[PDB]
Number of protein chains: 6
Amino acid sequence: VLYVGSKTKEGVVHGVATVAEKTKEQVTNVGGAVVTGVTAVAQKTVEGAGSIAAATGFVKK
Amino acid sequence: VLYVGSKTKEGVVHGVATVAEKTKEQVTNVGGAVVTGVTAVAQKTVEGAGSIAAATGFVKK
Amino acid sequence: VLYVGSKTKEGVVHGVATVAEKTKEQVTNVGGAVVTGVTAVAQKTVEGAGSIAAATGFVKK
Amino acid sequence: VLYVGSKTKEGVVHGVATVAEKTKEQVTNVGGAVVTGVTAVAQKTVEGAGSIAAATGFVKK
Amino acid sequence: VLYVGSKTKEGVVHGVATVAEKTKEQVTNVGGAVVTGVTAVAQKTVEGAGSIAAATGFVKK
Amino acid sequence: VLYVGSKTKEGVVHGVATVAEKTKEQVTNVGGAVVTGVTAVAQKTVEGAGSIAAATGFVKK
């Protein structure tokens with residue numbers, strides 16, 4: 001009957017400073033799942049399953 | 001019957017400074033899934049499943 | 001019966017400064033899925049499944 | 001008798017990403033000196049005085 | 001009699017990512033010196049006095 | 001008689017990520033010197049006095 005949002009923040013990332021010095025970086029996947037290097041990510045879901053960095057192995061039935 | 005949003009933020013990324021010095025970077029996928037280097041990503045879903053960086057292995061039925 | 005949005009932000013990315021010095025960068029996919037280097041991406045979905053960087057392996061039935 | 005430079009860098013700026021969101025910006029000088037907002041500037045001097053952002057007040061003799 | 005530089009760097013700035021969100025920014029100088037906001041600046045001087053951001057007050061003699 | 005530099009670095013700044021959120025920022029100088037906000041600055045001097053951010057008051061003689 002009344003809802004007053006104001007400067008609300010939900011699922012938010014702000015003010016982020018990152019430095020990444022790497023001399024070498026390998027990934028060798030063989031038949032699975034790999035998720036690497038997720039930075040400054042924001043999400044909001046309404047009435048649904050939410051996943052950010054979800055490496056699922058193989059599914060069978 | 002009444003809804004007053006104001007400066008609302010949802011699923012938001014802002015003010016992000018990144019530096020990435022890499023001398024070498026390889027990825028060698030063989031038959032799976034690989035997700036690498038996701039930065040400054042924002043999403044909002046209404047009535048649906050939301051995934052940002054989701055490496056799923058092979059699906060079978 | 002009443003909805004007053006104002007300076008609302010949803011699924012938004014802003015104010016992002018990135019630097020990427022790489023001397024070499026390879027990707028060698030053989031029969032799978034690979035997703036690399038997703039930056040400053042924003043999406044909003046209404047009544048649908050939303051995926052940003054989703055590397056799915058092979059699907060079978 | 002011998003000098004072999006190679007990939008030498010002197011007085012150099014490179015690989016610079018900047019973002020500047022300002023809603024208002026004033027400068028009100030009255031009879032002096034003002035230097036504002038110097039970015040990505042490089043200089044090399046041989047046998048001379050070198051100044052990049054030098055606001056000098058009034059000189060008298 | 002012999003000098004072999006190689007990948008030498010002198011007075012150098014590189015790989016710099018900056019973000020500056022300011023809603024208001026004033027400067028009100030009255031008869032002096034002001035130096036504001038010097039970023040990513042590089043200089044090299046040989047046989048001379050070198051100054052980057054030098055706000056000198058009034059000089060008299 | 002022999003000098004072999006290699007990947008030498010002198011007066012160098014690299015790999016720097018900064019974020020500055022300010023809602024208001026004033027400077028009110030009256031007859032002096034002011035130096036504000038010096039970031040990612042590099043200098044090299046040979047046979048000379050070197051100053052980066054030197055606010056000198058008024059000089060008299």
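The present account deals with the structure reproduced in this document. (Residues numbered from 1 in each chain as written, not as in the entry; some residues may be left out. Chains lettered and ligands numbered in written order. Heavy atoms only, no water.)

## Regarding the overall build of chain A
Helix and strand counts for chain A come out as zero helices and three strands. Going from the N terminus to the C terminus, chain A shows its helices and strands as β-β-β. Scaling as 2.2 N^0.38, a compact globule of 61 residues should have a C-alpha radius of gyration of about 10 Å, whereas chain A reaches 18 Å, well beyond that. When the backbone C-alpha atoms are referred to their principal axes, chain A occupies close to 55 × 45 × 5 Å. Going through the 61 residues of chain A one by one, you find that 18% of them count as buried. (Helix = DSSP H or I, 4+ residues; strand = E, 2+ residues; numbered from the N terminus. Rg over C-alpha atoms; globule rule 2.2 N^0.38 Å. Buried < 20%, exposed > 50% of the residue type's maximum accessible area, 1.4 Å probe, protein only.)

## Remarks on the interface of chain F and chain B
Listed as interface residues are seven residues of chain F and, on the opposing side, six residues of chain B. Summed over both sides, the interface of chain F with chain B buries roughly 410 Å², with 62% coming from carbon and sulfur. When the buried area of chain F at its contact with chain B is split by residue, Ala17(F), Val19(F) and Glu21(F) rank highest and sum to 61% of it. At the boundary of chain F and chain B, one finds one residue pair in polar contact. Grouping the constituent residues of the side of chain F that touches chain B by class yields three nonpolar, three polar and one charged. (Contact = heavy atoms within 4.5 Å. Buried area = accessible area lost by both parts, 1.4 Å probe. Polar contact = N/O pair within 3.5 Å; in protein donor to acceptor, adjacent residues only side chain to side chain. Nonpolar A, V, L, I, M, F, W, Y, C, P; charged D, E, K, R; others polar.)

## With respect to empty space enclosed by the protein
Overall, the coordinates contain one cavity of 30 Å³ or more when judged by the stated rule. Roughly 30 Å³ of volume is contained in the largest cavity. The wall of the largest cavity is formed by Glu25(D), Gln26(D), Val27(D), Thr36(D), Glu25(E), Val27(E) and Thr36(E). Among the residues forming the lining of the largest cavity, the class breakdown is two nonpolar, three polar and two charged. (1 Å grid on protein atoms, 1.4 Å probe; cavity = no way out; pocket = protein on both sides within 12 Å on 5 of 7 lines; lining within 4 Å. Points joined across faces, edges and corners; volume = space filled by probe spheres on them.)

## Some details on the side chain of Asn29(E)
Among the secondary structure elements, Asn29(E) is positioned in the loop between β1 (9-22) and β2 (34-46). At a separation of 3.1 Å, a polar atom in the side chain of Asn29(E) contacts the main-chain amide nitrogen of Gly32(E). Beyond its immediate stretch of four places on either side in the chain, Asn29(E) contacts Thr28(D), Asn29(D), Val30(D), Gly32(D), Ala33(D), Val34(D), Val34(E) and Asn29(F).

## Thoughts on the sheet that holds strand β3 (residues 50-53) of chain E
Spatially, three strands are ordered β3(D)-β3(E)-β3(F) in an open sheet, and the strand pairing comes out parallel. Of all strands in the sheet, those bounded by a partner on one side alone are β3 (50-53) of chain D together with β3 (50-53) of chain F. Recorded for the sheet is a direction-independent mean angle of 0 degrees between the axes of neighbouring strands. Where β3(E) and β3(F) come together, three bridges link them in parallel fashion. (Pairing = 2+ DSSP bridges. Axes fitted to C-alpha atoms, helices over the stretch in contact; angles between N-to-C directions.)

## Some details on the arrangement of the chains
There is a gap between chain B and chain D: no contact, and a shortest C-alpha distance of 9 Å. At no point do chain A and chain E touch; the closest pair of C-alpha atoms across them sits 9 Å apart.

## Details of the pattern of salt bridges
One pass over the full model with this rule turns up 16 salt bridges over all chains. Between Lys22(D) and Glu25(D) there is a salt bridge; the shortest N-O distance is 3.1 Å. Several salt bridges converge on common partners, so that one network encompasses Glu10(A), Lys44(A), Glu10(B), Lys44(B), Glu10(C) and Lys44(C). (Salt bridge = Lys/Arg side-chain N within 4 Å of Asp/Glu carboxyl O.)

## Considerations on the sheet that holds strand β2 (residues 34-46) of chain A
Hydrogen bonds along the backbone pair up the strands of a sheet, which may run parallel or antiparallel. An order of β2(A)-β2(B)-β2(C) is seen for the three strands of this open sheet, with the pairing classed as parallel. Each of the sheet's edge strands pairs with one partner strand only, and the pair in question is β2 of chain A together with β2 (34-46) of chain C. Taking the axes of each pair of neighbouring strands and ignoring which way they run, one obtains an average angle of 0 degrees across the sheet. As judged from the eleven bridges shared by β2(A) and strand β2 (residues 34-46) of chain B, these two strands associate in the parallel manner. Each bridged residue has a counterpart across the sheet, and for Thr45(A) the counterpart in β2(B) is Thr45(B).

## Here we look at the environment of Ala17(B)
If you trace the backbone, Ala17(B) turns up in strand β1 (residues 9-22). Measuring from C-alpha to C-alpha, the distance between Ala17(B) and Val46(B) comes to 29 Å, with 29 residues separating the pair along the chain. Leaving out residues up to four positions away in the same chain, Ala17(B) has contacts with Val16(A), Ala17(A), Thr18(A), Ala17(C), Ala17(E), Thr18(E), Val19(E), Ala17(F), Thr18(F) and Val19(F).

## Quick look at unusual backbone geometry
All names here are of chain D. One non-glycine residue, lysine 7, lies in positive phi territory at about 55 degrees. By secondary structure assignment, the location of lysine 7 is in the segment before β1 (9-22). Accessibility expressed as a relative area gives 63% for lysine 7, which makes it exposed.

## A few points about the interface of chain B and chain A
At the junction of the two partners, chain B supplies 61 residues and chain A supplies 61 residues. At the boundary of chain B with chain A, total buried surface from both sides reaches about 4,500 Å², with 48% on carbon and sulfur atoms. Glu10(B) is paired through a salt bridge with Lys44(A); the nearest N and O atoms lie 2.9 Å apart. Going through the elements one at a time, β1, β2 and β3 (50-53) of chain B are the ones with two or more residues in the side of chain B that touches chain A. With 14 residues, the top contributor of residues to the side of chain B that touches chain A is β1(B).

## Section: a nonpolar patch on the surface
A grouping of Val1(A), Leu2(A), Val4(A), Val1(B), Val1(C), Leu2(C) and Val4(C) is seen on the molecular surface, where their side chains present a nonpolar patch of about 790 Å² in accessible area. Looking at the element boundaries, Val1(A) is found in the segment before β1 (9-22). (Patch = residues over 30% accessible without salt bridge, like charges linked within 9 Å, V, L, I, M, F, W, Y side chains within 5 Å. Areas by Shrake-Rupley, 256 points an atom, 1.4 Å probe, with all protein chains shown as cover.)

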